[PDB]
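Trainee: Next comes start-v2.txt, compact mmCIF, C-alpha atoms and all ligand atoms:
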```txt
# COMPACT_ATOMS: atom_id res chain seq x y z
CA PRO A 1 87.12 79.12 40.12
CA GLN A 2 89.26 80.70 37.40
CA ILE A 3 89.67 84.42 38.11
CA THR A 4 90.87 86.83 35.45
CA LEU A 5 92.58 90.08 36.37
CA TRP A 6 90.91 92.89 34.47
CA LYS A 7 89.27 93.79 37.79
CA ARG A 8 90.66 93.52 41.30
CA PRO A 9 90.27 89.93 42.49
CA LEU A 10 87.97 90.82 45.38
CA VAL A 11 86.07 87.93 46.94
CA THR A 12 83.65 87.55 49.83
CA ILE A 13 85.13 85.71 52.78
CA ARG A 14 83.65 84.43 56.02
CA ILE A 15 85.65 85.12 59.17
CA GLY A 16 84.21 84.86 62.69
CA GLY A 17 80.76 84.38 61.17
CA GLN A 18 81.01 87.73 59.43
CA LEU A 19 81.20 88.45 55.73
CA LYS A 20 83.94 90.69 54.42
CA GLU A 21 85.45 91.53 51.06
CA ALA A 22 89.15 90.74 50.61
CA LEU A 23 91.70 90.95 47.84
CA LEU A 24 93.42 87.78 46.62
CA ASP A 25 97.00 89.07 46.72
CA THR A 26 99.79 86.88 45.39
CA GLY A 27 102.36 89.54 46.30
CA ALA A 28 101.44 89.34 49.99
CA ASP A 29 103.24 86.76 52.10
CA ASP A 30 100.71 87.33 54.88
CA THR A 31 96.98 87.87 55.34
CA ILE A 32 96.00 91.25 56.80
CA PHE A 33 92.56 92.60 57.65
CA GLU A 34 91.53 96.13 58.56
CA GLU A 35 90.61 96.81 62.19
CA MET A 36 88.11 94.24 63.46
CA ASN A 37 87.55 92.17 66.58
CA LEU A 38 88.84 88.55 66.69
CA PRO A 39 88.73 86.31 69.77
CA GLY A 40 91.69 84.88 71.69
CA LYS A 41 95.27 85.87 72.35
CA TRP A 42 97.17 87.94 69.84
CA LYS A 43 100.86 88.78 69.55
CA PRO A 44 102.14 92.27 68.65
CA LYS A 45 104.06 92.15 65.36
CA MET A 46 105.40 94.58 62.76
CA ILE A 47 105.29 94.10 59.02
CA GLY A 48 106.57 96.07 56.05
CA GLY A 49 104.90 96.89 52.75
CA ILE A 50 105.53 99.29 49.87
CA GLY A 51 105.27 102.41 51.99
CA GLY A 52 106.89 101.45 55.28
CA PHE A 53 106.29 99.44 58.40
CA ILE A 54 103.12 99.09 60.45
CA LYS A 55 102.18 97.52 63.77
CA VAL A 56 99.66 94.67 63.65
CA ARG A 57 97.96 92.16 65.94
CA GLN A 58 98.84 88.60 64.95
CA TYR A 59 96.14 85.94 65.46
CA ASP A 60 97.11 82.31 64.86
CA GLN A 61 94.98 79.40 63.65
CA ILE A 62 91.98 81.47 62.54
CA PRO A 63 89.48 79.69 60.31
CA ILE A 64 88.51 81.60 57.19
CA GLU A 65 86.34 80.52 54.24
CA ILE A 66 87.38 82.00 50.89
CA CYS A 67 84.81 81.53 48.10
CA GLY A 68 83.63 78.42 49.94
CA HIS A 69 87.16 77.05 50.44
CA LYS A 70 88.35 76.54 54.02
CA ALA A 71 91.69 77.73 55.40
CA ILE A 72 93.04 77.88 58.96
CA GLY A 73 96.00 80.08 59.61
CA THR A 74 97.57 83.31 60.65
CA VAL A 75 95.58 86.52 60.24
CA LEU A 76 97.06 89.92 60.99
CA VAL A 77 94.90 92.90 61.94
CA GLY A 78 96.17 96.43 61.34
CA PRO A 79 96.09 99.50 59.12
CA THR A 80 96.07 97.92 55.68
CA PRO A 81 94.28 99.85 52.87
CA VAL A 82 92.15 96.80 52.00
CA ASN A 83 91.67 93.34 53.46
CA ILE A 84 94.22 91.06 51.79
CA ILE A 85 94.45 87.28 51.54
CA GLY A 86 98.14 86.42 51.26
CA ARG A 87 100.06 83.33 50.27
CA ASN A 88 99.81 81.75 53.73
CA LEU A 89 96.12 81.14 53.00
CA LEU A 90 96.15 81.06 49.19
CA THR A 91 98.33 77.94 49.38
CA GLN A 92 95.83 76.26 51.72
CA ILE A 93 93.00 76.68 49.24
CA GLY A 94 95.13 75.38 46.36
CA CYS A 95 95.45 78.69 44.49
CA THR A 96 98.00 78.91 41.63
CA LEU A 97 98.85 81.43 38.94
CA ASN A 98 98.47 80.22 35.36
CA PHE A 99 99.32 81.60 31.94
CA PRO B 1 103.15 77.77 33.10
CA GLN B 2 101.56 77.06 36.46
CA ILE B 3 103.12 78.87 39.38
CA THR B 4 102.40 77.66 42.91
CA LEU B 5 102.45 80.00 45.86
CA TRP B 6 104.59 78.16 48.39
CA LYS B 7 107.22 80.81 47.72
CA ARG B 8 107.07 84.30 46.26
CA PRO B 9 106.03 84.12 42.57
CA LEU B 10 109.20 85.72 41.22
CA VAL B 11 109.91 85.39 37.51
CA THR B 12 112.41 86.69 35.02
CA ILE B 13 111.37 89.69 32.99
CA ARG B 14 113.15 91.80 30.40
CA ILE B 15 112.82 95.55 30.24
CA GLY B 16 115.50 96.81 27.80
CA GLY B 17 119.06 95.63 28.40
CA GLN B 18 118.03 94.59 31.87
CA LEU B 19 116.91 91.16 32.95
CA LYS B 20 115.17 91.45 36.31
CA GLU B 21 113.29 89.40 38.87
CA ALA B 22 109.72 90.57 39.44
CA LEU B 23 106.76 89.44 41.52
CA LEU B 24 103.56 88.33 39.71
CA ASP B 25 101.20 90.30 41.91
CA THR B 26 97.44 90.03 41.65
CA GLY B 27 97.12 92.62 44.49
CA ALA B 28 98.92 95.32 42.49
CA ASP B 29 96.87 97.41 40.04
CA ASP B 30 99.94 98.56 38.12
CA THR B 31 103.45 97.34 37.47
CA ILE B 32 106.14 99.07 39.48
CA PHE B 33 109.85 98.67 39.14
CA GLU B 34 112.80 99.49 41.30
CA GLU B 35 114.70 102.64 40.35
CA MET B 36 115.75 102.69 36.68
CA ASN B 37 116.01 105.31 33.90
CA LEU B 38 113.33 104.66 31.23
CA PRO B 39 113.01 106.70 28.01
CA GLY B 40 109.90 108.73 27.18
CA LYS B 41 107.28 111.07 28.65
CA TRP B 42 105.99 110.53 32.20
CA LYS B 43 103.61 111.79 34.89
CA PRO B 44 104.28 112.02 38.64
CA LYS B 45 102.09 109.76 40.74
CA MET B 46 101.67 108.57 44.32
CA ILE B 47 100.82 104.94 45.07
CA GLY B 48 99.79 103.62 48.44
CA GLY B 49 99.89 100.33 50.28
CA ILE B 50 100.91 98.95 53.64
CA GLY B 51 102.94 101.60 55.43
CA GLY B 52 101.75 104.50 53.27
CA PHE B 53 102.62 106.11 49.95
CA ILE B 54 105.61 106.37 47.67
CA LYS B 55 106.24 108.82 44.89
CA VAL B 56 106.74 107.28 41.45
CA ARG B 57 107.07 108.23 37.77
CA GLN B 58 104.44 106.80 35.43
CA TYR B 59 105.67 105.78 31.98
CA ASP B 60 103.33 104.54 29.25
CA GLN B 61 103.69 102.00 26.46
CA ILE B 62 106.83 100.33 27.78
CA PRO B 63 107.45 96.90 26.26
CA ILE B 64 108.43 94.14 28.64
CA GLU B 65 108.90 90.40 28.22
CA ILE B 66 107.58 88.21 31.04
CA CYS B 67 108.74 84.58 30.86
CA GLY B 68 108.90 84.87 27.05
CA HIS B 69 105.47 86.52 26.78
CA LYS B 70 105.39 90.02 25.34
CA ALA B 71 103.55 92.83 27.07
CA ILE B 72 103.43 96.59 26.56
CA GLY B 73 101.96 99.14 28.90
CA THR B 74 102.27 101.35 31.93
CA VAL B 75 105.27 100.90 34.17
CA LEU B 76 105.68 102.92 37.36
CA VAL B 77 109.20 103.62 38.59
CA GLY B 78 110.01 104.48 42.17
CA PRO B 79 111.56 103.35 45.46
CA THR B 80 109.72 100.04 45.74
CA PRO B 81 111.50 97.27 47.70
CA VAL B 82 110.50 94.66 45.12
CA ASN B 83 109.86 94.74 41.32
CA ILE B 84 106.16 94.00 40.76
CA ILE B 85 104.20 92.89 37.72
CA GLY B 86 100.69 94.16 38.32
CA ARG B 87 97.31 93.43 36.82
CA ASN B 88 97.82 95.88 33.95
CA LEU B 89 100.38 93.50 32.43
CA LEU B 90 99.26 90.18 33.99
CA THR B 91 96.09 90.41 31.87
CA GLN B 92 98.14 90.90 28.69
CA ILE B 93 100.10 87.66 29.21
CA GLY B 94 96.91 85.74 30.00
CA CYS B 95 97.52 85.23 33.70
CA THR B 96 94.71 83.94 35.89
CA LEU B 97 94.20 82.79 39.47
CA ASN B 98 92.88 79.25 39.80
CA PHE B 99 91.64 77.19 42.77
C1 LIG C 1 98.71 96.15 49.70
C2 LIG C 1 98.18 95.88 48.30
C3 LIG C 1 96.70 96.26 48.20
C4 LIG C 1 98.93 96.71 47.26
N1 LIG C 1 100.37 96.33 47.20
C5 LIG C 1 100.65 95.07 46.46
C6 LIG C 1 100.93 93.95 47.47
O1 LIG C 1 100.90 92.66 46.81
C7 LIG C 1 102.28 94.10 48.16
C8 LIG C 1 103.51 93.83 47.30
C9 LIG C 1 104.80 94.02 48.08
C10 LIG C 1 105.61 92.93 48.31
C11 LIG C 1 106.79 93.07 49.05
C12 LIG C 1 107.18 94.31 49.53
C13 LIG C 1 106.38 95.40 49.28
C14 LIG C 1 105.20 95.26 48.55
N2 LIG C 1 102.31 93.18 49.28
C15 LIG C 1 102.22 93.52 50.55
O2 LIG C 1 102.10 94.61 51.04
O3 LIG C 1 102.23 92.38 51.39
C16 LIG C 1 102.42 92.63 52.78
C17 LIG C 1 101.65 91.54 53.49
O4 LIG C 1 102.49 90.40 53.36
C18 LIG C 1 103.84 90.82 53.42
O5 LIG C 1 104.57 90.21 52.38
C19 LIG C 1 104.98 91.17 51.40
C20 LIG C 1 104.93 92.52 52.09
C21 LIG C 1 103.86 92.32 53.15
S1 LIG C 1 101.43 97.54 46.88
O6 LIG C 1 102.73 96.98 46.77
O7 LIG C 1 101.19 98.46 47.96
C22 LIG C 1 101.10 98.25 45.45
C23 LIG C 1 100.14 99.25 45.31
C24 LIG C 1 99.90 99.82 44.02
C25 LIG C 1 100.60 99.35 42.91
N3 LIG C 1 100.38 99.88 41.67
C26 LIG C 1 101.56 98.37 43.04
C27 LIG C 1 101.80 97.82 44.31
```
Show me the file's structure as C-alpha cells.
Mentor:
Amino acid sequence: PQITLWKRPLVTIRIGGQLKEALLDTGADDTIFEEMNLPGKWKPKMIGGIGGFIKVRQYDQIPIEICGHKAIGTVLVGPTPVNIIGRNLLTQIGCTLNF
Amino acid sequence: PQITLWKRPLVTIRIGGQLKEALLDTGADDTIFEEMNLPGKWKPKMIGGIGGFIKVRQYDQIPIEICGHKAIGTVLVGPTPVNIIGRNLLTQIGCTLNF
C-alpha cells in the first residue's frame, strides 16, 4: 500500500497467531512490542530511545505478517509505549519513504 | 526522492543559518530538534518514548527546508539524541510510506 502520514501509520500485524496493532516507525532501528509471551530462547538486551534506556527480551527469527507481507527477524519485548515495527522488518517487506 | 531503509533515513534540512541532519520519522508525531535557540513564543511540553519523557519547548510556525522542499510548522526543541522530522512536517512535503 501507499500510506500517508496525517494519522499514525498503525497497522494490524499477525505474530504468534495473534493480531496486534503496531506503528510503522522509520526512526526505529529495531522492532519492539509491549509485554507479551513469545516461544523459545530469548537474550537479555538493553536499548535506548528518546527518554533513556530500557531492558528488553530479544527474540530472534520471529515470523511476523505486516499488512499481509511476511517478515522473519528480531523482535524485542519490553516497556515501549506502543508496538513498533522498525527498519529491521520494514526493509524485509520492501518499505520505502517517498516524496 | 525514494529513500530506502537499509540505513537510518537521515537527510539534510535547513532551519535558519543552520544546516542539520535529521531523521525522517514516521513514528514521531512532531518534529523535534537538538538544543538550539529559536525565535518566537513557545509552550513547555513533555514528550515520551522508549525510556520515558523529556522536557521540550514547543515553537509554532517555524519554516524549515527538507531536501529542498519547504515546510512550516511546529518544532519541538529539547535534549533529543537525534534531530527528527515528524509527521507534522512529513505530510507537508508529501512524504508517504510505500510497500
Ligand atoms: C517510540 C516512538 C513511538 C516515538 N519516538 C520516535 C521513534 O521513531 C524513535 C526515534 C529515535 C531515534 C533514535 C534515538 C532516539 C529516538 N525511535 C526509537 O525509539 O527507536 C528505538 C527502537 O529502535 C532503536 O533505534 C532508534 C532508537 C531505538 S520518539 O522519539 O520517542 C518521539 C516521540 C514524540 C515525538 N514528537 C517525537 C519523537
Trainee: Extract, using all atoms listed in the file, all DNA, RNA and protein residues at most 9 Å from residue 99 in chain B, discarding same-chain residues fewer than 5 positions from it, and format them as a list in words.
Mentor: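 What passes the distance filter is residues 1, 2, 3, 69, 90, 93, 94, 95 and 96 of chain A.
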Trainee: Would you compute an axis-aligned box for ligand LIG 1 (chain C), covering every atom listed for it in the file with 4 Å of margin on each side, and report centre and edge lengths in Å to one decimal as JSON?
Mentor:
```
{"center_x": 101.9, "center_y": 95.0, "center_z": 47.6, "size_x": 18.5, "size_y": 17.7, "size_z": 19.8}
```
Trainee: Could you check which of B:52, B:78, B:44, B:27 is closest to ligand LIG 1 (chain C), using all atoms listed in the file?
Mentor: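 Using all atoms listed in the file, ligand LIG 1 (chain C) sits closest to B:27.
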Trainee: Tell me, in Å to one decimal, how far CA of residue 58 in chain A is from CA of residue 42 in chain A.
Mentor: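 Separation of CA of residue 58 in chain A and CA of residue 42 in chain A: 5.2 Å.
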Trainee: Neighbours of ligand LIG 1 (chain C) within 7 Å, counting all atoms listed in the file, as a PyMOL selection string?
Mentor: (chain A and resi 25-32+47-51+80-82+84+86) or (chain B and resi 25-32+47-50+80-82+84+86)
Trainee: At a cut-off of 10 Å from (93.0, 84.8, 68.0) in the coordinates of the file, what residues are picked up using all atoms listed in the file, written as number ranges by chain?
Mentor: A: 37-43, 57-63, 74-76
Trainee: Enumerate, as a PyMOL selection string, the protein, DNA and RNA residues whose atoms approach (109.9, 87.6, 43.3) to within 10 Å, taking into account only C-alpha atoms and the coordinate frame of the file.
Mentor: (chain A and resi 27) or (chain B and resi 7-12+20-25+82-85)
